[PDB]
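2 protein chains.
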Amino acid sequence: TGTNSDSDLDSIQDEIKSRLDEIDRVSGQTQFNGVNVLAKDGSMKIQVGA
Amino acid sequence: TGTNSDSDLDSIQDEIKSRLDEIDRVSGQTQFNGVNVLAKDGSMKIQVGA
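As structure tokens, this is what we get:
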């Protein structure tokens, strides 16, 4: 919306930056049993047939 | 507005001085569990992860 002032648009920008940093952090930090899941493009393989 | 007399400016100055002193007070004081939160410019660090 074009009605808000830039002084208040800056706060929305800071909130957006904070949420983007959270996206980065949760993408980089979460790992299951010593192996990451969102930091690589590799494919897992689950032996299910003996 | 300039309609106020100097005597009234003295009273309003006393009031704003008291307000500023209270601001300094609440600034220096108001710790949380032994550690102050508004007297030091550093960054507090908290971890979430194993």
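Here the protein sequences come in this chain order: B and P. Residue 123 in this note's numbering sits at position 16 of the first sequence, and the numbers go up by one each step. Residue 121 in this note's numbering sits at position 14 of the second sequence, and the numbers go up by one each step. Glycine included, every Cβ here is placed at the ideal spot set by N, Cα and C.
- Cβ shell of P/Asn111 (< 8 Å), same chain only, five flanking positions each side left out: Closer than 8 Å at Cβ, skipping near neighbours: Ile119.
- With DSSP run on the structure shown, which of helix, strand or coil describes B/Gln136? helix
- To which residues does DSSP link P/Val142 through a beta bridge? P/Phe139
- Separation of B/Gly156 from B/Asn143, as counted between CA atoms: Looking at the two C-alpha atoms, the distance is approximately 25 Å.
- Query: Going along the chain, which residues of its own chain have a beta-carbon closer than 7 Å to the beta-carbon of B/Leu145, five neighbours each way excluded?
  - Reply: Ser134 and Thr137
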